[PDB]
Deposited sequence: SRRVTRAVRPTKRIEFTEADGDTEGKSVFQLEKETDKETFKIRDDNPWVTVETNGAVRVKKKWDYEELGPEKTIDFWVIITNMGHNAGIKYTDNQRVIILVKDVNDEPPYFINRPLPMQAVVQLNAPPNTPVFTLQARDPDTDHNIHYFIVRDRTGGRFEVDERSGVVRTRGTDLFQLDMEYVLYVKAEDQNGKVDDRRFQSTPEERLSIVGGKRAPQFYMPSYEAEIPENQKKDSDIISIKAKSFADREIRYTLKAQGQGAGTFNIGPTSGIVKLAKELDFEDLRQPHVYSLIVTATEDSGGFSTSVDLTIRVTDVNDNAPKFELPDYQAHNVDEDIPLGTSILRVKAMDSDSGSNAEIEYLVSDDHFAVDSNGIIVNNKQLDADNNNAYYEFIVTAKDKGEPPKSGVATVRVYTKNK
């Protein structure tokens, strides 16, 4: 059994573009020998005949600096005379292909700017910025569709949008441009491209814009007061300072509040998933107002509260007692029924039953049964033991109750 010289081979990304594709064949030294990969590899699998097949679609952008798929292969070989189990290393060099589309990095989205009312021609107003994962990208900027009527133009390389013409812009009017960025070093004979984006240019002045079109957060019911839930941030287009406020529709306001200037949302009142009067989903409205101006804008903020196993199963009675039980009762007789309830939900409310005295047994329905003869070793004619109701929470909480069984002959 020997190490064989390393196999070196070269391919482009695209060659490995189809899951399961047999890209190439490993070299055999006799017909009879078979192949198996030495360890998992994310990019390739190996058939017993030597075929190297794509596992995960090959990706230059996701390989390390070496840009190789590097793996070992076991080669095995009765009736052939000489037996062995060989090792060979296999190194595929992966060449780049322009295969990933460009994407805008402008934030926030949608894209928004303002234009000064009497802006001279060629005033810069916005700067489109795209990025492209491929090594040899070639980003070109375009206005694909104009709804200003021709009052703007973009520089194809810098992505700067600037005014055209001398006419004034109208206060509060929106001027709309649909823009794209494309990578001209890659195609599909059609160039790789961002989705069309809507660039909103408003004359003179506009309301603030939040950094996200909406906000959401899922928090547990047991999370402490005054703790930070989510922080919200808006931008002014005239560099005014901003102050936030919050509302509800129409379930439980006062539960949350917001930081005056810093936008951080905190928990104000302790929560309870078990409290019906509080909802499980909190629909909130956050408005960012310019108190140095007048303008303001709203954004939805949704908070989901989750169940924690804060409740233990409770038995309906504090203790259970059965009387006049004949001791000769055949095994399997219902002696008494027991029941316990749990406030939580799902499996935090799922209930299993146990019994501390192996003379009895109990099923998922709480039926306490006779598990051994009751007439043997029972001088005082009486059993006293504990039932547990145990939930399926993590960790599980328990409820317990005394059970008394008085027997007789």
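- According to the record, no C-alpha positions are given for deposited positions 1 to 5, 83 to 84, 196 to 197, 419, numbered from 1.
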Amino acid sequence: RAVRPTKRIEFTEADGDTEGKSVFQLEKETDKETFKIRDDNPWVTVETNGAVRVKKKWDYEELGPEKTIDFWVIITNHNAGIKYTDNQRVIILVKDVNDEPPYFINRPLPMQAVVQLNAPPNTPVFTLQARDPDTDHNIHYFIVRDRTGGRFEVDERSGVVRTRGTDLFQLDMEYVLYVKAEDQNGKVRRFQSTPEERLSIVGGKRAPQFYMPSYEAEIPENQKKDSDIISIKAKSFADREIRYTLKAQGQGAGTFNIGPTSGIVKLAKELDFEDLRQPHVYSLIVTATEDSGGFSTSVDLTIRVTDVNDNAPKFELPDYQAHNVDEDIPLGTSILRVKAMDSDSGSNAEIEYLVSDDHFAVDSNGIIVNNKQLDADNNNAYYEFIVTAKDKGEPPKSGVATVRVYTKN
From here on, numbers count along this sequence of modelled residues.
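- Taking the PDB entry as given, 341 to 349 carries the higher mean Cα B factor of the two stretches 341 to 349 and 43 to 51.
- Taking only CA atoms, the mean B-factor in the PDB entry is higher for 217 to 225 than for the other of 134 to 142 and 217 to 225.
- Sorting 294, 165, 318, 110 by the CA temperature factor given in the entry leaves 294 at the top.
- Residues shown: 79, 158, 76, 209. Highest C-alpha temperature factor in the entry: 79.
- Among all modelled residues in this chain, the alpha-carbon of residue 169 has a temperature factor (C-alpha) in the middle third.
- Residue 27: CA B factor in the middle third of modelled residues in this chain (values from the PDB entry).
- Among all modelled residues in its chain, residue 390 ranks in the middle third by Cα B-factor.
- The PDB entry assigns residue 372 a C-alpha temperature factor belonging to the highest third of its chain's modelled residues.
- Residue 270 sits in the highest third of its chain by CA B factor, as recorded in the PDB entry.
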